[PDB]
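Only one chain is given next, in structure tokens, and it is the form deposited in one PDB entry.
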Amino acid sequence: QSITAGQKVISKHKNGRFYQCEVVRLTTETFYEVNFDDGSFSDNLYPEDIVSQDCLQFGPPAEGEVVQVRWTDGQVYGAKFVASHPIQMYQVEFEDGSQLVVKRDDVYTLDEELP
């Protein structure tokens, strides 16, 4: 059930197909959740996407605090900080040398059926 570093596993390569790969490191990804001024919700912002303050250096903003965020479209939107949640993830390396940082549910042991 538990996946550890150095373990050979099976996961989807960037080309979309499953291949054996090796977990080279267990990382911790911190995602920010915010409510945009129009009411829409985002649950996967990175600390760096907050452009109204420097979260990478001083931590997440306070609950409900007003912030500006740089969205995936390169634009800046006003919003309110909701919460922060660190997620344990897996950095995997395939035979060709490419790597990906994936979630637990995207990793499989050699003995289990796919998908």
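Note that residue numbering follows the sequence shown and begins at 1.
Trainee: State which stretch shows the higher mean Cα B factor in the entry: 26 to 34 or 56 to 64.
Mentor: It is 56 to 64.
Trainee: Relative to the other modelled residues of the same chain, rank the CA B-factor of residue 74 and answer lowest, middle or highest third.
Mentor: Residue 74: CA B-factor falls in the highest third of its chain.
Trainee: Comparing residue 87 with the other modelled residues of its chain, is its CA B-factor in the lowest, middle or highest third?
Mentor: For residue 87, whose C-alpha B-factor we compare with every modelled residue in the chain, the answer is the highest third.
Trainee: Is residue 4 in the lowest, middle or highest third of its chain when residues are ranked by C-alpha B-factor?
Mentor: It belongs to the middle third of the chain when residues are ordered by C-alpha B-factor.
Beyond what is shown, the protein has a form deposited with a partner chain bound; the following relates to that form.
Trainee: Just checking whether residue 57 would be counted as a contact of the partner chain in the deposited complex - the rule being heavy atoms within 4.5 angstroms.
Mentor: Residue 57 lies outside the contact set for the partner chain.
Trainee: When the contact criterion is heavy atoms within 4.5 Å, does residue 28 count as touching the partner chain in the deposited complex?
Mentor: Contact with the partner chain, no.
Trainee: Residue-level question: is residue 42 within 4.5 Å of the partner chain in the deposited complex, judged on heavy atoms?
Mentor: Yes - in the deposited complex, heavy atoms of residue 42 and the partner chain come within 4.5 Å of each other.
Trainee: Is residue 88 part of the interface with the partner chain in the deposited complex - any heavy atom within 4.5 Å?
Mentor: Residue 88 lies outside the contact set for the partner chain.
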